[PDB]
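Chemist: Below you'll find the structure I mean.
Every read-out reported here was derived from the displayed coordinates using simple, explicitly stated rules and does not represent laboratory data. Here Cβ is always computed from backbone atoms with ideal geometry, including for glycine, and neighbour counts include all displayed protein chains.
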Amino acid sequence: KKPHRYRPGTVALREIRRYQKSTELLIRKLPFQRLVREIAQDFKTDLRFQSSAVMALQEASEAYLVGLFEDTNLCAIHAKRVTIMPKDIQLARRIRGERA
Amino acid sequence: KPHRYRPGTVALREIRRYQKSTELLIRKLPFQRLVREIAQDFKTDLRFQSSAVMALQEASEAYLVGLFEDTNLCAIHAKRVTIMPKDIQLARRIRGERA
Amino acid sequence: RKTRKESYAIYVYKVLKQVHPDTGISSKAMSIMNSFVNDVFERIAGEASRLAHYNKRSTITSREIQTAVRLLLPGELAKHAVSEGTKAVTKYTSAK
Amino acid sequence: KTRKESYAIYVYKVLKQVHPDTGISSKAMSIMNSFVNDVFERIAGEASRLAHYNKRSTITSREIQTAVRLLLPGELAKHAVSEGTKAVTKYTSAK
Amino acid sequence: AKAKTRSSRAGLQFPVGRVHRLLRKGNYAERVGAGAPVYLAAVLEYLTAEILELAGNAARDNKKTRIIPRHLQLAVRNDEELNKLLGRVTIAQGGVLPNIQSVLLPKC
Amino acid sequence: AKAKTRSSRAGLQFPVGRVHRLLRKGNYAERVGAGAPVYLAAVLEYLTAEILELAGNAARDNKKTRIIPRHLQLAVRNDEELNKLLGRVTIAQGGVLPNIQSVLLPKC
Amino acid sequence: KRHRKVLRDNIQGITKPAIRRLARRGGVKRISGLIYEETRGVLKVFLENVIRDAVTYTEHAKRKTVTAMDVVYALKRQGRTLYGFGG
Amino acid sequence: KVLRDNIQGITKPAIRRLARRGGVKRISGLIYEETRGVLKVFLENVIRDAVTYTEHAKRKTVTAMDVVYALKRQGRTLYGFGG
DNA sequence: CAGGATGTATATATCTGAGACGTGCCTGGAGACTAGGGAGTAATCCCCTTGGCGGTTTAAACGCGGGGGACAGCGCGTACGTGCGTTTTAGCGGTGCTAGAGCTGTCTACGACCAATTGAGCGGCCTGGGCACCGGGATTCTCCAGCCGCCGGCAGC
DNA sequence: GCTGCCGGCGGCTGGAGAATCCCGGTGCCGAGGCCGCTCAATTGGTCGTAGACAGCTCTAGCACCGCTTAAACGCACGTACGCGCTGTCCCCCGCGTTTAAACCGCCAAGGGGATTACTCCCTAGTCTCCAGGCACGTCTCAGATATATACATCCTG
C-alpha cells in the first residue's frame, strides 16, 4: 500500500486557521524574557523586570510582528507572489514609516 | 526628418525639474473652489481666508507627494515603472489610512 | 489592608448588568475595559483642555467636551455620544 | 495695540551667533517659530505627563531632562542633555 | 438634610463626581464647568455600553456567559467605526480577526 | 536695585523667563520648578541653533545669503537624526529632496 | 441674486496635468490614465477629513470664518503637523 | 550544547507561527533573520524608553505600567495592564 | 562603432525695487525686595515578590529525506502611455466697490471656589457554591488516489 | 473507409487522518455579605470670568476686462505590460531524536512602599524700569530679466 501525505501548502492553511483563532502567545516565554533582559542589560546594569512587565512587552511585540507580517503578506500578494521575502518586509516597514 | 525625444526622458527631466523647485503644482482657483464646495455640506455660509486656503493647499500637496512616493515604491517593488491604483491602494492600506 | 486604589470596576459591571443582565465579565477583559475607559477619557479631556487653552479660555464646559467628542469619535459614535451628552446635561439641569 | 509674542528676536540672535553674515526670510522665520512652538509643547507635555506619572505636582529640570531623552533621538539627546545641564549649572552658579 | 449622589440627579451610573475630581487634578485647565463632568461621564458610559453590548454579543455567540478579551477584540475589530476609534490600540490576549487573502486559497 | 535678566545669568540667548511664564500658564503642572525653564530654553536654543546652522550651510552651498523654507527642509531632511524628530511634520514651501530610484535611470 | 451660488463638478479642477506634476514631484516616470480618479478621490477624502475638524473648530469658536490657525490645528490633530502658519 | 545567543532564542517555528497568525502561506528562508532584526529593533525602541522611565522614577525594577507608558509613547497603546 | 547637427542647459550685465534691518517711542511684564507654608526629602521599618536552586517529564525544536510547485527567466503579441503641434479656455490681474464679520472696551451678574459638618459608596476580605476545563469515545468532516465507462484522435486500407 | 489502440477525462467510492460532541468527573474563583472610612454632597458666602451692548474698522467677497499660457485634443509610435512555456532548486512536510521549556518545592534578600519630622523652595504682594513690540523709513544689496556660450542626444557613414 502507500502512505498518506498532505498536499504541500494545506497544513499551512490549517495552521493559519488555528492561530488566527487562538489567543495565546506564539513565542516561548523564557527565550523572549532572556532576550528582553539581555537587550536591557545594555541600557542599565542589574535591572529587575516585573513578571507582568515582561509579558506586556511580549504580547506587545507579538502584536507588532503579527501586524507587520500581515502587511508583508499584503505586500507580497500585491507583488503577484505567495512567498514573503525580506524585501517585502523592508517595503512594508518603509511605507509604514519605520525604516526610513 | 525632425528630432523627437524618447519617452521617459522628458518625464525624467520633469521629475528633476519639479523636485528641485518648490512652487505649488495645483492651480489656486480650482483648489479654492474645491475647498469651498467640500466645506458647504459641513456648515453653510462659510468664509475662507487666503491663509487658510494656503494651509490646506500646502497640506494636500505634501500629502499627495508622500502618497505618490509610496506608490512609486510599490510600483518598483512589483517590477513595474507605471503606477496603478492598486499601488495607491496598497500604500494607503499599509499606511493604515484605509485599513 | 491599606492604600486603596481607584478604578471603573463597579461602573462597567453596572453597565453590563443593564445591557446583558445574565452575562459576566472576566478579570482580564475587565482590566482591558478599564484601560479603554482611561484612554478615551484622557483623549477627550486632552482635546477639550487643548480647546479651552486654545481659544484663550480657561473653563472647560460642556461645549468643550462636545467639540472634543465631535472631534474624536468618528461617524455615528459622535452623533450618539453628543446626543446622550446633551440629554444627560439637560436631565442634570432639570432636577436640582 | 494688541501686541503679539513670537520667537523672532531670539532666533535672529541665534542666527547671528552661528552665521553673523547670513540672514533669514520672513517665511522661514515663521517656520522656525512654529517649529520652536511645536517642540516646546512636545517636550513640556511629555514633562507634564512624566510628573503626573509619579504623582508629582512639580516640573523640575529632571522631568524636562527625561523628556529630552525620550523625544530627541540619540546624538540629539546626549548633546541636548549636556547643554541643558550646562545652562542650569551656569544658572545656579550665580543667582 | 438628607443628601444624594450627583448621578442620581443626572440619570447616570458613571461617576460624575469622580470624573469632575479627575478633571480637577488632571491639570487640564484652571477651571472646569459643572456640566462638563456630566457630559464626559455620559460619553464614557455610552462608549462603554456600546463596547460591552458588542462584546457580549460575541461572547453569547461562542455560547459563553463571561466576556473574554478575545470576544472584546472581536467586537472592537468587527465594527468599522469602533475599529477606527481604536485603530492604534492593541488588545492583549485578543489575537487577530480571522482573515485569509483569497489568493492563498486553493483553486477549488 | 540693579535689575538683571534671567537669560544673561543663565548664559542663554533664549527667553528663560518667558518660557517659565508660558509653562506656568500652559496648565502643564500645579507648580513649575526654577531650573525647568532654564533647561527647556537651553534645549530649544540648541535645537534651533543646530537647525539654523544646517540651513545656513545649505544656503551657503546654494550661493545664497538669506534662508528660505526650502533650505530648512533641505537641512532637516538631509540630516537623519533631525529627520527622525521632524518626520511627521511638513513645512510650507519646503519641497522635497531630489532623488530617483536606480531602476528609473536608462541603461547608460 | 445676492449669494448662495452653489457650484458643481469642480473636483475636475484638480486637472490631470496637476496630478502629473504632483506625481513627478513625488518621483514617478510613467503614469496610468486610471489613477487620476483614484487620486482625486483620495484628495477629496483627505480634504473632507481635514475640513471637518477645521469647521468644527470654528463652530466651537463660534466664528463664521475658517483661519489658517484652524487648518493648522486640524492638521496637527490628525498627525500631519504643518509649519509656516503661526504654529 | 549550552552556548547560545538569546537573539537566536526566537526560534524559526516561533516566527512561522507568528506569520501564520499574520496570515501568510509560504515563507522564504531569509525571513527568519529579517524578523529577528525587526524584533530586536522594536525591542530596543521600547525598552530604551522603559529604562528611561525607570531611571526617572529612581527605581531599579521595570514596571508594567512603565512598559505601557513607553508603548503608548511609541504610538502602540497597550490594554490589560492599567491605563 | 566613430563624427555632426541639434534643442537644451549653463553663466552674466544691467534693472530695479519689495523689504530685512535700524531708529526711536512706548509700554507692560519680568525682576528685585519681604514672608510662608506645604512639596518633596532623608531616615526608618515592614513586607514581598524576585531571582535562584535542583528532579522529572514531555512536548517542541531540530536535522534529514523526499517531492513538487512556486518562482525567475526568456520569447512574443499589443495597445496604451508619451512626446509634440493646435486651438482655446480659464487662471491671473488690476482696477474699485461693497458691506460683513472680526475685534476691542464697559457694565454687570452669576457661577465656580472654597471652608466646616455629616453620612454612605465602596474597596477590601472571607466565602459557598457555581462555571470553565479535561477524557475518551462515538460522530462526522474533508481530502486524496485508483476503477471504470466514455471520448477524441491514430497507425494502417 | 473502419479496426484496433491509446491516451486522456471526469465521475465516482471508500480508506485516511482531523476535527468535533458530549457525558463524567473536577476543581478554582468571579460574584456576594460585612466594616467602617474617606471622601463626596450641603449650606453660606465671594468676587471675577464671561456675557450682553456698543461701537470701530479692517477685510473678505464681487464684478470686469486684457493676457496669456496652461489645459484639452489629436496623432504617430515604440515601449512596457502581460502572458505563456520552461527549467529548476528550494520551501513544505513527515519522522526520529535530542533537548530545553515548564512545573514544582524551598530560601534569602534587595527593592518597593507607607510614616515621620522638617526645611526651605516655589508661591504670593508691590514697585520699578528696561526689553520687546510696532510705526516708520530707508537704501539697500537681494532678487529678476534678457543676452551670450557648452552640453547630451540621435542620427549618419
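Chemist: Among the numbered criteria (1) free of Cβ contacts under 8 Å to residues at least 24 places away in the same chain; (2) within 7 Å of chain C (Cβ to nearest Cβ), which single criterion is violated by E:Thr48?
Modeler: Looking at each condition in turn, E:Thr48 falls short on (1).
Chemist: Filter segment C:34-46 down to residues that are crowded, with 20+ Cβ neighbours inside 10 Å, of a type outside the set (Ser, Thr, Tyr) and away from DNA strand J (no atom under 14 Å from the Cβ), then give me how many there are. So that I can check it myself, show each step before the final result.
Modeler: So the first thing to find is which residues in segment C:34-46 are crowded, with 20+ Cβ neighbours inside 10 Å, and the list is C:34-37, C:40-41, C:44-45.
Pick out the ones that are also of a type outside the set (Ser, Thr, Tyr) and you get C:34, C:36-37, C:40-41, C:44-45.
When the remaining residues are screened for being away from DNA strand J (no atom under 14 Å from the Cβ), the result is C:36-37, C:40-41, C:44-45.
The number of residues fulfilling the criteria is 6.
Chemist: I need the full set of residues from segment C:70-94 which are closer than 14 Å to E:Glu81 by Cβ and either touching a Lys or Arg at 6+ places or on another chain (Cβ under 7 Å) or buried (at least 23 other Cβ atoms within 10 Å of the Cβ) (or both), in order please.
Modeler: C:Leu72, C:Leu73, C:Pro74, C:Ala78, C:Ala81, listed by residue number.
Chemist: Within segment E:36-48, can you find the residues that are surrounded by fewer than 24 Cβ atoms within 10 Å (Cβ to Cβ) and within 9 Å of DNA strand I (Cβ to nearest atom)?
Modeler: none
Chemist: Go through segment C:51-69 and count every residue that is surrounded by fewer than 19 Cβ atoms within 10 Å (Cβ to Cβ) and more than 13 Å from DNA strand I (Cβ to nearest atom).
Modeler: Matching residues across segment C:51-69 total 2.
Chemist: With the structure loaded, tell me whether E:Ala10 is among the aliphatic types (A, V, I, L, M) and buried (at least 17 other Cβ atoms within 10 Å of the Cβ) or whether it fails that test. Reasoning before the result, please.
Modeler: Details: among the aliphatic types (A, V, I, L, M): yes; buried (at least 17 other Cβ atoms within 10 Å of the Cβ): yes.
Judged against the criteria, E:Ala10 is a match.
Chemist: Scan segment C:18-34 and report the pairs whose first residue is over 17 Å from E:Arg60 (Cα atoms) and whose second residue is in a loop (DSSP other than H, G, I, E, B), with Cβ atoms within less than 6 Å and a gap of 6+ or a chain change.
Modeler: These pairs meet every condition: C:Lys28/E:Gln93; C:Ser31/H:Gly80; C:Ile32/H:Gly80; C:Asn34/C:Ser7; C:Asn34/C:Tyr8.
Chemist: A further question on this structure: Cβ-Cβ under 7 Å, sequence separation 6+ or interchain: first residue in segment F:5-26 and at positive phi, partner more than 9 Å from DNA strand I (Cβ to nearest atom). Which pairs?
Modeler: Filtered contacts from segment F:5-26: F:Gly11/D:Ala87; F:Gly11/D:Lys90.
Chemist: Here is a further query. Residues of segment D:1-28 being more than 11 Å from DNA strand J (Cβ to nearest atom) and within 19 Å of F:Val19 (Cα to Cα), which ones?
Modeler: D:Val14
Chemist: Tally up the residues in segment G:15-36 that are away from DNA strand I (no atom under 11 Å from the Cβ) and part of a loop (DSSP other than H, G, I, E, B), please.
Modeler: 1
Chemist: Which residues, taken from segment H:15-51, are surrounded by fewer than 22 Cβ atoms within 10 Å (Cβ to Cβ), within 15 Å of DNA strand J (Cβ to nearest atom) and over 21 Å from E:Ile100 (Cβ atoms)?
Modeler: H:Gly29, H:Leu30, H:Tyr32, H:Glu33, H:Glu34, H:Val51
Chemist: Please pick out the residue among F:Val32, F:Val43 that is in contact with a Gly (Cβ under 7 Å, 6 or more places away or on another chain) and either among the β-branched types (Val, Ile, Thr) or over 30 Å from F:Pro98 (Cβ atoms) (or both).
Modeler: Numbers: F:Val32 fails: in contact with a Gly (Cβ under 7 Å, 6 or more places away or on another chain).
Criteria check complete, one pass: F:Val43.
Chemist: Can you work out which of the residues in segment E:1-31 that are within 9 Å of DNA strand I (Cβ to nearest atom) and in contact with an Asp or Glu (Cβ under 9 Å, 6 or more places away or on another chain) is farthest from the other protein chains (Cβ to nearest Cβ)?
Modeler: E:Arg18
Chemist: In segment B:2-33, which residue that is among the β-branched types (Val, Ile, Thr) and more than 7 Å from chain G (Cβ to nearest Cβ) is nearest to DNA strand I (Cβ to nearest atom)? Give the steps one after another, and end with the answer.
Modeler: Just the residues of segment B:2-33 that are among the β-branched types (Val, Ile, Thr), to begin with: B:9-10, B:15, B:22, B:26.
Add one more test, that the residue is more than 7 Å from chain G (Cβ to nearest Cβ), and what stays is B:9-10, B:22.
Working: B:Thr9: 6, B:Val10: 3, B:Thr22: 15 Å.
Restricting to residues being among the β-branched types (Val, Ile, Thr) and more than 7 Å from chain G (Cβ to nearest Cβ), the top hit is B:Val10.
Chemist: Here is a follow-up. Out of (1) in contact with a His (Cβ under 9 Å, 6 or more places away or on another chain); (2) of a type in the set (A, V, I, L, M, F, W, C); (3) within 17 Å of C:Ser62 (Cβ to Cβ), what's the single condition that is false for E:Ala59?
Modeler: If we test E:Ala59 against (1) in contact with a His (Cβ under 9 Å, 6 or more places away or on another chain); (2) of a type in the set (A, V, I, L, M, F, W, C); (3) within 17 Å of C:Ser62 (Cβ to Cβ), just (3) comes out false.
Chemist: Also, I was wondering about something else. Quick one: in segment A:37-62, of everything that is facing chain H (nearest Cβ under 7 Å) and under 19 Å from H:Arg17 (Cβ atoms), which residue is farthest from DNA strand I (Cβ to nearest atom)?
Modeler: Filtering first and then ranking leaves A:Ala60.
Chemist: Also, I was wondering about something else. Look through D:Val88, D:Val81 and report the one residue that is closer than 24 Å to H:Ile47 by Cα and under 16 Å from the mean Cα position of the chain (by Cα).
Modeler: On the way: D:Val88 fails: closer than 24 Å to H:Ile47 by Cα.
Unique residue meeting the criteria: D:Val81.
Chemist: Within segment B:88-97, is there a residue that is within 16 Å of DNA strand I (Cβ to nearest atom), more than 7 Å from chain G (Cβ to nearest Cβ), surrounded by 17 or more Cβ atoms within 10 Å (Cβ to Cβ) and over 17 Å from the mean Cα position of the chain (by Cα)?
Modeler: So in segment B:88-97, the residues within 16 Å of DNA strand I (Cβ to nearest atom) come out as B:88.
Narrowing the set further to residues that are more than 7 Å from chain G (Cβ to nearest Cβ) leaves none.
Among the residues of segment B:88-97, not one is within 16 Å of DNA strand I (Cβ to nearest atom), more than 7 Å from chain G (Cβ to nearest Cβ), surrounded by 17 or more Cβ atoms within 10 Å (Cβ to Cβ) and over 17 Å from the mean Cα position of the chain (by Cα), which makes the answer no.
Chemist: Here's a follow-up. Would you confirm, using the coordinates I've provided, whether E:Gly33 is at positive phi and surrounded by 14 or more Cβ atoms within 10 Å (Cβ to Cβ)?
Modeler: On the way: at positive phi: no; surrounded by 14 or more Cβ atoms within 10 Å (Cβ to Cβ): yes.
In short, no.
Chemist: Suppose we keep only residues that are in a helix (DSSP H, G or I) and within 11 Å of DNA strand I (Cβ to nearest atom) within segment C:1-33. Which one would you say is surrounded by the fewest Cβ atoms within 10 Å (Cβ to Cβ)? Before you say what the answer is, go through the steps one by one.
Modeler: If we filter segment C:1-33 for residues that are in a helix (DSSP H, G or I), which is where we start, we get C:9-19, C:27-33.
From what is left, the residues that are within 11 Å of DNA strand I (Cβ to nearest atom) are C:9-14.
Numbers: C:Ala9: 14, C:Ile10: 10, C:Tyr11: 22, C:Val12: 25, C:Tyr13: 15, C:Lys14: 15.
Once the filter is applied, the top-ranked residue is C:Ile10.
Chemist: Only one of (1) in contact (Cβ under 8 Å) with a residue 24 or more places away in the chain; (2) within 14 Å of chain C (Cβ to nearest Cβ) fails for H:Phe81. Which number is that?
Modeler: Exception for H:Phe81: condition (1).
Chemist: Shifting gears a bit: Quick check on F:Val43: is it under 30 Å from E:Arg24 (Cβ atoms), without any contact (Cβ under 8 Å) to a residue 60 or more places away in the chain and within 17 Å of the chain's Cα centre (by Cα)? If you could, list the steps in order and put the result at the bottom.
Modeler: Working: under 30 Å from E:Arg24 (Cβ atoms): no; without any contact (Cβ under 8 Å) to a residue 60 or more places away in the chain: yes; within 17 Å of the chain's Cα centre (by Cα): yes.
When the stated conditions are applied, F:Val43 does not pass them.
Chemist: Confirm whether H:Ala70 is under 14 Å from the mean Cα position of the chain (by Cα), assigned to a helix (DSSP H, G or I), more than 8 Å from chain A (Cβ to nearest Cβ) and free of Cβ contacts under 8 Å to residues at least 40 places away in the same chain.
Modeler: Details: under 14 Å from the mean Cα position of the chain (by Cα): yes; assigned to a helix (DSSP H, G or I): yes; more than 8 Å from chain A (Cβ to nearest Cβ): yes; free of Cβ contacts under 8 Å to residues at least 40 places away in the same chain: yes.
Yes: the conditions hold for H:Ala70.
Chemist: Follow-up. Might you check whether a residue that is free of Cβ contacts under 8 Å to residues at least 12 places away in the same chain and either more than 9 Å from every other protein chain (Cβ to nearest Cβ) or within 23 Å of C:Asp22 (Cβ to Cβ) (or both) occurs anywhere in segment E:73-94?
Modeler: There is no residue in segment E:73-94 that is free of Cβ contacts under 8 Å to residues at least 12 places away in the same chain and either more than 9 Å from every other protein chain (Cβ to nearest Cβ) or within 23 Å of C:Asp22 (Cβ to Cβ) (or both).
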